[PDB]
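> once you've seen the sequence and the experimental structure below, I've got questions.
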Amino acid sequence: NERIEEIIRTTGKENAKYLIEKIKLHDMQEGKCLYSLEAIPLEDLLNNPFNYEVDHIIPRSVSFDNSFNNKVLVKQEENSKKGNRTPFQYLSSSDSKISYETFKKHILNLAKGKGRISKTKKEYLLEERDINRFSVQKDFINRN
Amino acid sequence: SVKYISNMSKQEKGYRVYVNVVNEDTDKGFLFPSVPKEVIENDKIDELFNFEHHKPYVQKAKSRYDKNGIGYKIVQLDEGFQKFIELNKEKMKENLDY
Ligand code: NI
Ligand code: NI
Ligand code: NI
Ligand code: NI
Ligand code: NI
Ligand code: NI
Ligand code: NI
Ligand code: NI
Ligand code: NI
Ligand code: NI
Ligand code: NI
């Protein structure tokens, strides 16, 4: 909160109005794009915010989750390449820049070790079932 | 149609395998979460689609099938899993895949 507050003061309330959600996700992710594990410098996010998008971890078609637990800040190209897949389906592909094993190790440390992310977000990111299956979509609807 | 082994990851009891089936204009990606070690180490590619996989992710066929986004060398399925492991063993070690 203090780091976000310092960012708002230096950036100005006008620029803080439109990018506060991306700034919060950037702070939550320690400046990292979660799908590529590449650095997102704060100055580039503030100057070129359109190069970074808010991806929904599990597609809302299946998840019905528009909360912060289902949102991550990623590079524009990573959001494009992922499509309507889970991170597991995307990172196991040939379209990803990092392995799912590297991704999983980072996510587990981000949740258990650093506590930066919620338990709900961690389970979204490490979802390894086929979200296109009848049974899996049923489980997502029934968890509500 | 050409089938490529695009990604692999060694697990405790098997291998995670990703295969892209490419024809003239379509790429169909098959995610095999768990393939038994015995099938992998013996290059029993004819048994690969006997095992559970996610529904294929369908996208436009790529203009090039050389290396995946991680940097692993993509091999054709008929060349065998051992070929993929031989060419990418060191890189897979650095990405926690071996
Ligand atoms: Ni914006
Ligand atoms: Ni907000
Ligand atoms: Ni700055
Ligand atoms: Ni959808
Ligand atoms: Ni919704
Ligand atoms: Ni969260
Ligand atoms: Ni947790
Ligand atoms: Ni079933
Ligand atoms: Ni083939
Ligand atoms: Ni099946
Ligand atoms: Ni290439």
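Nice, thanks for sending it over. Numbers count the residues shown, from 1 in each chain, chains lettered A, B, ... in the order given. Ligands and ions are numbered 1, 2, ... in the order given.
> SS state for the residue nearest the centre of chain A?
With distances taken as Cα atoms, centre = their mean, residue A:72 lies nearest the centre of chain A, 1.8 Å away. Three states are possible here, and by DSSP: H, G, I helix; E, B strand; the rest coil the one that applies to residue A:72 is strand.
> give me the phi and psi angles of the residue nearest to it when sequence neighbours are not counted.
Computed as Cβ to Cβ, 6 or more residues apart in numbering or on different chains, the closest residue to residue A:72 that is not its neighbour in sequence is residue A:34, at 4.8 Å. In short, each C-beta sits where N, CA and C put it, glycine included. With angles defined as degrees, to the nearest 10, residue A:34 shows backbone torsions of phi -70, psi -30.
> count the neighbours of residue A:34 for me.
As a burial measure, the neighbour count of residue A:34 was computed by other Cβ atoms under 10 Å in any protein chain shown and equals 27.
> right, is the lengthiest helix in chain B up against ligand 9?
Ranked by residue count and defined by DSSP state H, the top helix of chain B is helix B:81-94. No: between helix B:81-94 and ligand 9, judged by Cβ under 5 Å from the ion, nothing touches; the nearest distance is 12.0 Å.
> just the CA trace of that helix, in CSV.
Extracted in CSV, the C-alpha atoms of helix B:81-94 (Å, rounded to 0.1, in the frame of the first residue of the first chain):
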residue,chain,number,x,y,z
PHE,B,81,10.8,-38.9,-28.2
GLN,B,82,14.4,-39.9,-27.6
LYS,B,83,15.4,-37.5,-30.5
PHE,B,84,13.6,-34.6,-28.7
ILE,B,85,15.3,-35.5,-25.4
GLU,B,86,18.7,-35.8,-27.1
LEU,B,87,18.6,-32.4,-28.8
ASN,B,88,17.0,-30.5,-25.8
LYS,B,89,18.4,-32.3,-22.7
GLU,B,90,20.6,-29.4,-21.6
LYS,B,91,18.0,-26.7,-22.2
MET,B,92,15.3,-28.7,-20.5
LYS,B,93,17.5,-29.0,-17.4
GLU,B,94,17.7,-25.2,-17.1
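> all helices for chain A, in order.
In chain A, the helices defined using DSSP H lie at A:2-11, A:13-28, A:42-47, A:60-63, A:76-82, A:87-91, A:100-108, A:119-125, A:134-142.
> follow-up on the earlier one: my guess is the residue nearest to residue A:72 contacts residue A:126, does it?
No: at 11.5 Å, residue A:34 and residue A:126 do not qualify as touching, with contact defined as Cβ atoms under 8 Å.
> please enumerate the shared neighbours of these two.
Shared contacts of residue A:34 and residue A:126, defined by Cβ atoms under 8 Å, 6 or more residues apart in numbering or on different chains, are found at A:87, A:107.
> helix or strand: which one has residue B:32?
Under DSSP states H and E, the secondary-structure element containing residue B:32 is strand B:26-36.
> just the C-alphas of that strand, formatted as CSV.
Included here for strand B:26-36 are C-alpha records, laid out as CSV according to Å, rounded to 0.1, in the frame of the first residue of the first chain:
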residue,chain,number,x,y,z
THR,B,26,-4.5,-25.5,-39.2
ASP,B,27,-2.4,-26.2,-36.1
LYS,B,28,-4.0,-28.6,-33.5
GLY,B,29,-2.1,-28.7,-30.2
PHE,B,30,-2.5,-31.8,-28.1
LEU,B,31,-1.5,-31.6,-24.4
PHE,B,32,-0.7,-35.1,-22.9
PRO,B,33,-0.4,-34.4,-19.2
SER,B,34,1.1,-37.9,-18.3
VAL,B,35,2.7,-40.4,-20.7
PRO,B,36,4.3,-43.5,-19.1
